[PDB]
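Source file: work_27.txt. Holds: compact mmCIF, C-alpha atoms and all ligand atoms.
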# COMPACT_ATOMS: atom_id res chain seq x y z
CA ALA I 1 0.00 0.00 0.00
CA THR I 2 0.97 3.73 -0.29
CA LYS I 3 0.10 5.89 2.74
CA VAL I 4 0.30 9.71 2.68
CA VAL I 5 -0.73 12.53 5.01
CA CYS I 6 -1.54 16.23 4.74
CA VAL I 7 -1.51 18.80 7.60
CA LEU I 8 -3.88 21.67 6.73
CA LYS I 9 -2.93 25.18 8.06
CA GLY I 10 -3.81 28.73 6.91
CA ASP I 11 -3.89 32.41 8.01
CA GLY I 12 -7.06 31.75 10.11
CA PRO I 13 -8.21 29.15 12.66
CA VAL I 14 -8.87 26.24 10.20
CA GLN I 15 -6.55 23.27 10.87
CA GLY I 16 -6.74 19.58 10.10
CA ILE I 17 -5.04 16.28 9.33
CA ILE I 18 -6.04 14.25 6.25
CA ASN I 19 -4.79 10.68 5.56
CA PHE I 20 -4.74 9.07 2.08
CA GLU I 21 -4.20 5.34 1.44
CA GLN I 22 -4.12 3.30 -1.81
CA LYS I 23 -3.81 -0.53 -1.68
CA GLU I 24 -2.94 -0.97 -5.43
CA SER I 25 -1.77 1.34 -8.29
CA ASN I 26 -4.71 3.05 -10.14
CA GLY I 27 -6.91 1.39 -7.44
CA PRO I 28 -9.22 3.55 -5.23
CA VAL I 29 -7.79 6.04 -2.67
CA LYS I 30 -9.30 6.28 0.84
CA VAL I 31 -9.19 9.88 2.18
CA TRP I 32 -10.04 10.44 5.86
CA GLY I 33 -9.34 12.63 8.87
CA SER I 34 -10.64 15.72 10.61
CA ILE I 35 -10.67 19.50 10.03
CA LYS I 36 -11.66 21.97 12.79
CA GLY I 37 -12.44 25.69 12.89
CA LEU I 38 -14.74 25.57 9.81
CA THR I 39 -18.09 27.39 9.55
CA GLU I 40 -20.99 24.87 9.78
CA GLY I 41 -21.97 23.43 6.36
CA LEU I 42 -20.30 22.41 3.08
CA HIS I 43 -16.71 23.36 2.15
CA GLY I 44 -15.01 22.69 -1.19
CA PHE I 45 -12.20 20.15 -0.84
CA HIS I 46 -9.66 19.90 -3.69
CA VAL I 47 -6.19 18.78 -4.67
CA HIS I 48 -4.44 21.77 -6.28
CA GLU I 49 -1.57 21.41 -8.77
CA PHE I 50 1.54 22.71 -6.89
CA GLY I 51 3.02 21.73 -3.51
CA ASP I 52 4.23 25.36 -3.33
CA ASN I 53 3.44 27.21 -0.06
CA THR I 54 5.77 30.18 -0.84
CA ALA I 55 2.74 32.59 -0.94
CA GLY I 56 0.46 30.59 1.41
CA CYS I 57 -2.45 28.72 -0.29
CA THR I 58 -2.35 31.10 -3.33
CA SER I 59 0.86 29.51 -4.75
CA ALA I 60 -0.78 26.02 -4.89
CA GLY I 61 -2.17 26.97 -8.33
CA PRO I 62 -5.54 25.73 -9.65
CA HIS I 63 -7.34 22.40 -9.10
CA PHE I 64 -5.02 19.60 -10.29
CA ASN I 65 -6.16 19.15 -13.93
CA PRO I 66 -3.62 17.16 -16.02
CA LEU I 67 -6.41 15.98 -18.47
CA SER I 68 -7.49 19.63 -19.16
CA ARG I 69 -11.21 19.19 -18.27
CA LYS I 70 -13.84 21.52 -16.70
CA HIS I 71 -14.61 21.50 -12.96
CA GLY I 72 -17.18 19.04 -11.65
CA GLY I 73 -18.19 16.87 -8.73
CA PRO I 74 -16.19 13.72 -7.89
CA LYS I 75 -19.00 11.51 -9.35
CA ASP I 76 -18.93 13.37 -12.75
CA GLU I 77 -17.08 12.09 -15.86
CA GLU I 78 -16.26 15.81 -16.58
CA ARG I 79 -14.10 16.77 -13.56
CA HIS I 80 -10.58 17.82 -12.63
CA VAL I 81 -8.44 15.00 -11.15
CA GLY I 82 -8.30 17.18 -7.98
CA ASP I 83 -12.15 17.49 -7.64
CA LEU I 84 -13.01 15.68 -4.34
CA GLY I 85 -16.27 17.70 -3.93
CA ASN I 86 -17.31 18.93 -0.45
CA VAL I 87 -16.67 18.07 3.18
CA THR I 88 -19.32 18.81 5.83
CA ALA I 89 -18.56 20.76 9.02
CA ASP I 90 -20.94 19.99 11.95
CA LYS I 91 -22.45 22.64 14.30
CA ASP I 92 -19.13 22.51 16.31
CA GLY I 93 -17.21 23.48 13.12
CA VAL I 94 -15.64 19.97 12.82
CA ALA I 95 -15.58 18.12 9.46
CA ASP I 96 -15.03 14.36 9.93
CA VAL I 97 -13.77 13.49 6.43
CA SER I 98 -14.18 10.07 4.81
CA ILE I 99 -14.08 9.88 0.97
CA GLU I 100 -13.21 7.08 -1.48
CA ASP I 101 -12.03 8.33 -4.90
CA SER I 102 -10.89 6.37 -7.96
CA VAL I 103 -9.61 9.32 -10.08
CA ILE I 104 -6.82 10.64 -7.78
CA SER I 105 -3.81 8.30 -7.35
CA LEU I 106 -0.79 8.07 -4.98
CA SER I 107 1.31 6.54 -7.86
CA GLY I 108 1.90 7.03 -11.62
CA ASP I 109 2.48 10.19 -13.70
CA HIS I 110 -0.62 12.04 -12.21
CA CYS I 111 0.29 11.14 -8.60
CA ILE I 112 -0.86 13.78 -5.98
CA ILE I 113 2.23 13.23 -3.75
CA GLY I 114 3.91 16.66 -3.39
CA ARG I 115 0.75 18.52 -4.49
CA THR I 116 -1.53 20.55 -2.18
CA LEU I 117 -4.85 19.73 -0.49
CA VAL I 118 -7.01 22.85 0.08
CA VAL I 119 -10.22 23.32 2.05
CA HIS I 120 -12.29 26.28 0.79
CA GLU I 121 -14.45 29.05 2.32
CA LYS I 122 -17.74 28.04 0.62
CA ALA I 123 -19.52 25.01 -0.85
CA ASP I 124 -18.31 23.59 -4.19
CA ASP I 125 -21.35 23.93 -6.53
CA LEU I 126 -19.91 20.97 -8.57
CA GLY I 127 -20.10 22.94 -11.87
CA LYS I 128 -23.88 23.64 -11.45
CA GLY I 129 -23.68 27.40 -10.69
CA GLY I 130 -24.44 28.73 -14.21
CA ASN I 131 -21.16 30.65 -14.81
CA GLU I 132 -17.51 30.30 -15.92
CA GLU I 133 -16.39 30.44 -12.22
CA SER I 134 -18.58 27.34 -11.54
CA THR I 135 -16.81 25.34 -14.35
CA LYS I 136 -13.33 26.42 -12.98
CA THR I 137 -13.49 26.49 -9.11
CA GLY I 138 -17.09 25.47 -8.25
CA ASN I 139 -17.51 28.96 -6.67
CA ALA I 140 -15.92 27.46 -3.49
CA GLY I 141 -14.21 30.84 -2.82
CA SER I 142 -11.10 31.53 -0.74
CA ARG I 143 -8.50 28.98 0.45
CA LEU I 144 -8.91 28.66 4.27
CA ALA I 145 -6.14 26.08 4.85
CA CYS I 146 -3.81 23.88 2.84
CA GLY I 147 -0.90 21.47 3.11
CA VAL I 148 1.55 19.63 0.87
CA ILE I 149 0.65 15.92 0.48
CA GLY I 150 3.51 13.92 2.00
CA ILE I 151 4.64 10.30 2.40
CA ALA I 152 3.52 8.72 5.73
CA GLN I 153 4.79 5.59 7.59
CA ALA G 1 13.26 19.38 -15.84
CA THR G 2 11.54 18.51 -12.50
CA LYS G 3 11.29 21.58 -10.20
CA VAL G 4 10.27 21.30 -6.51
CA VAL G 5 10.17 23.67 -3.57
CA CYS G 6 10.24 23.40 0.20
CA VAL G 7 9.06 26.04 2.68
CA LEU G 8 10.90 25.54 6.00
CA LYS G 9 8.94 26.53 9.13
CA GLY G 10 9.23 25.52 12.79
CA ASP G 11 8.23 26.41 16.35
CA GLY G 12 10.86 29.22 16.60
CA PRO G 13 12.28 31.97 14.33
CA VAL G 14 13.96 29.76 11.65
CA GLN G 15 12.32 29.92 8.21
CA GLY G 16 13.37 29.58 4.60
CA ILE G 17 12.60 28.56 1.04
CA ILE G 18 14.66 25.88 -0.75
CA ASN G 19 14.35 25.04 -4.45
CA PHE G 20 15.35 21.71 -6.03
CA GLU G 21 15.79 21.20 -9.80
CA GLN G 22 16.80 18.11 -11.83
CA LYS G 23 17.22 18.22 -15.67
CA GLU G 24 17.22 14.40 -16.20
CA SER G 25 16.16 11.41 -14.02
CA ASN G 26 19.80 10.09 -13.77
CA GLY G 27 21.22 13.57 -13.19
CA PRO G 28 22.39 15.85 -10.35
CA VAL G 29 19.87 17.87 -8.30
CA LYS G 30 20.60 21.58 -7.71
CA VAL G 31 19.43 22.64 -4.22
CA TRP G 32 19.34 26.39 -3.53
CA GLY G 33 17.66 29.09 -1.48
CA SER G 34 17.88 30.96 1.80
CA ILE G 35 17.18 30.22 5.50
CA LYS G 36 16.99 32.97 8.15
CA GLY G 37 16.88 33.10 11.98
CA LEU G 38 19.81 30.64 12.44
CA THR G 39 22.80 30.88 14.82
CA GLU G 40 26.02 31.81 12.94
CA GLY G 41 27.91 28.70 11.72
CA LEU G 42 27.13 25.19 10.48
CA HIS G 43 23.69 23.49 10.59
CA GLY G 44 22.82 19.93 9.55
CA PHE G 45 20.66 19.89 6.40
CA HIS G 46 18.90 16.57 5.65
CA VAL G 47 16.03 14.99 3.74
CA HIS G 48 14.04 12.96 6.31
CA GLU G 49 11.89 9.97 5.33
CA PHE G 50 8.30 11.16 5.93
CA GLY G 51 6.38 14.18 4.65
CA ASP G 52 4.47 13.96 7.97
CA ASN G 53 4.14 17.19 10.04
CA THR G 54 1.35 15.83 12.34
CA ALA G 55 3.64 16.23 15.43
CA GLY G 56 5.80 19.01 13.88
CA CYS G 57 9.33 18.17 12.63
CA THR G 58 9.50 15.03 14.89
CA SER G 59 6.97 13.09 12.70
CA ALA G 60 9.38 13.41 9.64
CA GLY G 61 11.14 10.34 11.07
CA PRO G 62 14.84 9.59 10.45
CA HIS G 63 17.10 10.65 7.53
CA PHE G 64 15.79 9.20 4.24
CA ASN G 65 17.72 5.88 4.07
CA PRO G 66 16.18 3.48 1.49
CA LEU G 67 19.54 1.58 1.11
CA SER G 68 19.87 1.00 4.94
CA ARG G 69 23.37 2.61 5.22
CA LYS G 70 25.03 4.56 8.05
CA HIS G 71 25.09 8.37 8.22
CA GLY G 72 27.76 10.26 6.22
CA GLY G 73 28.55 13.57 4.57
CA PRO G 74 27.31 14.08 1.00
CA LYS G 75 30.82 13.19 -0.36
CA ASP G 76 31.10 9.92 1.74
CA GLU G 77 30.60 6.58 -0.15
CA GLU G 78 28.64 5.41 2.99
CA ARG G 79 25.73 7.87 3.49
CA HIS G 80 21.95 8.07 3.76
CA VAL G 81 20.23 9.29 0.54
CA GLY G 82 19.04 12.28 2.63
CA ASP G 83 22.60 13.30 3.80
CA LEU G 84 23.14 16.81 2.30
CA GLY G 85 25.72 17.82 4.95
CA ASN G 86 25.86 21.33 6.44
CA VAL G 87 24.65 24.78 5.42
CA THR G 88 26.45 27.90 6.74
CA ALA G 89 24.62 30.79 8.48
CA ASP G 90 26.41 34.21 8.34
CA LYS G 91 26.64 36.55 11.41
CA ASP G 92 23.09 37.93 10.53
CA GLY G 93 21.69 34.34 10.88
CA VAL G 94 21.13 33.92 7.08
CA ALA G 95 22.28 30.74 5.26
CA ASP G 96 22.53 31.15 1.49
CA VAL G 97 22.20 27.53 0.29
CA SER G 98 23.64 26.20 -2.97
CA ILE G 99 24.34 22.44 -3.17
CA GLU G 100 24.61 20.00 -6.11
CA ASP G 101 23.89 16.37 -5.12
CA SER G 102 23.89 13.28 -7.36
CA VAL G 103 22.45 10.80 -4.76
CA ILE G 104 19.02 12.44 -4.10
CA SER G 105 16.54 12.35 -7.03
CA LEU G 106 13.22 14.09 -7.85
CA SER G 107 11.97 10.91 -9.68
CA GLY G 108 12.11 7.10 -9.51
CA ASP G 109 11.65 4.60 -6.67
CA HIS G 110 13.66 6.78 -4.16
CA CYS G 111 12.20 10.16 -5.12
CA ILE G 112 12.31 12.83 -2.30
CA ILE G 113 9.03 14.48 -3.52
CA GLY G 114 6.61 14.30 -0.54
CA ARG G 115 9.48 13.78 1.98
CA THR G 116 10.72 16.41 4.46
CA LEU G 117 13.70 18.80 4.37
CA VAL G 118 14.94 19.67 7.91
CA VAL G 119 17.49 22.27 9.07
CA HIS G 120 19.04 21.23 12.43
CA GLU G 121 20.22 23.02 15.62
CA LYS G 122 23.94 22.12 15.29
CA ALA G 123 26.61 21.00 12.83
CA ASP G 124 26.43 17.59 11.16
CA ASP G 125 29.67 15.71 12.19
CA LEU G 126 29.30 13.79 8.85
CA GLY G 127 29.11 10.39 10.63
CA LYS G 128 32.67 10.75 12.04
CA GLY G 129 31.93 11.49 15.75
CA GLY G 130 32.74 7.94 17.03
CA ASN G 131 29.35 7.34 18.74
CA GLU G 132 26.06 5.64 17.75
CA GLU G 133 24.30 9.04 17.37
CA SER G 134 26.97 10.12 14.79
CA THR G 135 26.12 7.01 12.65
CA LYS G 136 22.37 7.93 12.71
CA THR G 137 21.96 11.76 12.85
CA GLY G 138 25.53 13.19 12.67
CA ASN G 139 24.82 14.73 16.17
CA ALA G 140 23.07 17.66 14.36
CA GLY G 141 20.61 17.87 17.31
CA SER G 142 17.08 19.29 17.27
CA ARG G 143 14.90 20.07 14.21
CA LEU G 144 14.59 23.88 13.96
CA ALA G 145 12.47 24.07 10.78
CA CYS G 146 11.10 21.69 8.15
CA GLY G 147 8.81 21.43 5.16
CA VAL G 148 7.34 18.87 2.80
CA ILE G 149 9.10 18.80 -0.60
CA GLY G 150 6.46 19.80 -3.14
CA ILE G 151 6.03 20.10 -6.92
CA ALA G 152 6.67 23.65 -8.25
CA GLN G 153 5.66 25.32 -11.55
ZN ZN H 201 -12.06 21.52 -10.04
ZN ZN H 202 22.00 10.74 7.64
Could you write out this file's structure as structure tokens?
Ligand SMILES: [Zn+2]
Ligand SMILES: [Zn+2]
Amino acid sequence: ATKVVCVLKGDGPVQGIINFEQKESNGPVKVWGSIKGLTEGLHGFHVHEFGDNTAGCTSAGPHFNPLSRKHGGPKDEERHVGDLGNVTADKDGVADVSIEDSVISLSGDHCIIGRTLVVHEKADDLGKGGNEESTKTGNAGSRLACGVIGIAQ
Amino acid sequence: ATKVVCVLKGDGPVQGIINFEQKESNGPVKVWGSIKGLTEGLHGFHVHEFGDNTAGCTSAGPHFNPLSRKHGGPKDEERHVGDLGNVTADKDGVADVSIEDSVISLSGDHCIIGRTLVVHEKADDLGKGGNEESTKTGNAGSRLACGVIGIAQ
């Protein structure tokens, strides 16, 4: 198996730890952990292209998109590789994350190791917002916290 | 050409940005940048195994050592893959870093992408201190700042 981890930090109070694990190459990736300090409700949750934190979350670049598609939800055929949809923060501002995704990988030429996981200010509209911003970012707004995706024990 | 970047942060005042670039998969890696907030003199400078910041720099684990060798300087035949030796901080606490290393790689089975770069409290004795600690860590002492090695534009 490949096991990786991401520590999410930003300019504000949002912080979290997200685990990724893949049992076999181009097999499904389990993504799980916890994020705290989020406003109650849905938050966009994406892998961005660059593991570059030189200008905070801004230098991570756009959603990881090596197949040059439009933004969508994780269940859509038309999506970015990095499109993991939303996570849900409870009334205490805690998002318990548990996702299974078959498009991201921890191996091969489109591997997300050394890229950036970002949790966003607002809900990802999954490309259903009726504008160019919807088909690029899902209107998920600002980057609250991010981390570079790193190899774990 | 693979280009990667590492933002070094820690508990205290030490911070920096280190770039890595490799033209070909066989080839040397250029390592360069700047670290500030250091004591004047030599500081151990190592790639550690895990890109895991869950318990700060401690969760990075030991020096990256896929060939199960003893600690050395970068020029020693016996070294860890992660053994990049010392960087030098000037009297203002700034280390200008410029290293070329042919043992680390930014691709292949022993890639350092998603691993951790650490700058240490004291000088690396390059595995020549005549104790067990020398053969593991070079007696470079505590981890002042670290970052996950990420993909850059
Ligand atoms: Zn997207
Ligand atoms: Zn070593």
Subject >> Selected residue of minimal separation from chain I among G:81, G:123, G:111, G:31, counting all atoms listed in the file >> reply: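 Residue with the minimum atom-to-atom distance to chain I: G:111.
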**OP:** Could the residues that lie within 10 Å of ligand ZN 202 (chain H), counting only C-alpha atoms and all ligand atoms, be listed as a VMD selection string?
**Re:** chain G and resid 44 to 48 62 to 65 69 to 74 78 to 85 124 126 to 127 134 to 140
Original post:
Which residues, written as number ranges by chain, have at least one atom at most 8 Å from residue 152 (chain G), with all atoms listed in the file counted and residues fewer than 2 positions away on the same chain left out?
Top reply: I: 50-52; G: 3-5, 150
Using 10 Å as the limit and counting only C-alpha atoms, can you tabulate each residue of chain G that touches chain I, with its shortest atom-to-atom distance in Å and the two atoms involved, as JSON lines?
{"residue": "G:4", "atom": "CA", "partner": "I:51", "partner_atom": "CA", "distance": 7.9}
{"residue": "G:5", "atom": "CA", "partner": "I:52", "partner_atom": "CA", "distance": 6.2}
{"residue": "G:6", "atom": "CA", "partner": "I:52", "partner_atom": "CA", "distance": 7.2}
{"residue": "G:7", "atom": "CA", "partner": "I:54", "partner_atom": "CA", "distance": 6.4}
{"residue": "G:8", "atom": "CA", "partner": "I:54", "partner_atom": "CA", "distance": 9.7}
{"residue": "G:16", "atom": "CA", "partner": "I:54", "partner_atom": "CA", "distance": 9.4}
{"residue": "G:17", "atom": "CA", "partner": "I:54", "partner_atom": "CA", "distance": 7.3}
{"residue": "G:18", "atom": "CA", "partner": "I:54", "partner_atom": "CA", "distance": 9.9}
{"residue": "G:49", "atom": "CA", "partner": "I:151", "partner_atom": "CA", "distance": 7.8}
{"residue": "G:50", "atom": "CA", "partner": "I:151", "partner_atom": "CA", "distance": 5.2}
{"residue": "G:51", "atom": "CA", "partner": "I:150", "partner_atom": "CA", "distance": 3.9}
{"residue": "G:52", "atom": "CA", "partner": "I:152", "partner_atom": "CA", "distance": 5.8}
{"residue": "G:53", "atom": "CA", "partner": "I:7", "partner_atom": "CA", "distance": 6.4}
{"residue": "G:54", "atom": "CA", "partner": "I:7", "partner_atom": "CA", "distance": 6.3}
{"residue": "G:55", "atom": "CA", "partner": "I:7", "partner_atom": "CA", "distance": 9.7}
{"residue": "G:56", "atom": "CA", "partner": "I:7", "partner_atom": "CA", "distance": 9.6}
{"residue": "G:59", "atom": "CA", "partner": "I:152", "partner_atom": "CA", "distance": 8.9}
{"residue": "G:60", "atom": "CA", "partner": "I:152", "partner_atom": "CA", "distance": 8.5}
{"residue": "G:61", "atom": "CA", "partner": "I:153", "partner_atom": "CA", "distance": 8.7}
{"residue": "G:112", "atom": "CA", "partner": "I:114", "partner_atom": "CA", "distance": 9.3}
{"residue": "G:113", "atom": "CA", "partner": "I:114", "partner_atom": "CA", "distance": 5.6}
{"residue": "G:114", "atom": "CA", "partner": "I:150", "partner_atom": "CA", "distance": 4.0}
{"residue": "G:115", "atom": "CA", "partner": "I:150", "partner_atom": "CA", "distance": 6.0}
{"residue": "G:116", "atom": "CA", "partner": "I:150", "partner_atom": "CA", "distance": 8.0}
{"residue": "G:147", "atom": "CA", "partner": "I:148", "partner_atom": "CA", "distance": 8.6}
{"residue": "G:148", "atom": "CA", "partner": "I:148", "partner_atom": "CA", "distance": 6.2}
{"residue": "G:149", "atom": "CA", "partner": "I:114", "partner_atom": "CA", "distance": 6.3}
{"residue": "G:150", "atom": "CA", "partner": "I:51", "partner_atom": "CA", "distance": 4.0}
{"residue": "G:151", "atom": "CA", "partner": "I:51", "partner_atom": "CA", "distance": 4.8}
{"residue": "G:152", "atom": "CA", "partner": "I:50", "partner_atom": "CA", "distance": 5.4}
{"residue": "G:153", "atom": "CA", "partner": "I:50", "partner_atom": "CA", "distance": 6.7}
Original post:
Quick one: distance from CA of residue 145 (chain I) to CA of residue 117 (chain I) in Å, one decimal?
Top reply: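 Computing it gives 8.4 Å between the two atoms.
Taking CA of residue 120 (chain I) and CA of residue 28 (chain I) as the two end points, the separation is 23.7 Å.
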**OP:** Give as a list in words every residue, naming chains and numbers as the document does, that has an atom within 10 Å of (1.3, 5.4, -4.2), counting only C-alpha atoms.
**Re:** residues 1, 2, 3, 4, 20, 21, 22, 23, 24, 25, 26, 27, 29, 105, 106, 107, 108, 111, 112, 113 and 151 of chain I
Original post:
Could you state the separation of CA of residue 143 (chain G) and CA of residue 10 (chain G) in Å, given to one decimal place?
Top reply: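 Going from CA of residue 143 (chain G) over to CA of residue 10 (chain G), I get 8.0 Å.
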**OP:** Tell me which protein, DNA and RNA residues are within 10 Å of residue 43 (chain G), counting all atoms listed in the file, leaving out same-chain ones fewer than 6 positions away, and put them as a list in words.
**Re:** residues 85, 86, 87, 88, 89, 95, 118, 119, 120, 121, 122, 123, 124, 125, 140, 141 and 144 of chain G
Original post:
Given the choices I:66, I:33, I:12, I:41, which gets closest to ligand ZN 201 (chain H) if the distance is worked out from all atoms listed in the file?
Top reply: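 Checking each of I:66, I:33, I:12, I:41 against ligand ZN 201 (chain H), counting all atoms listed in the file, the winner is I:66.
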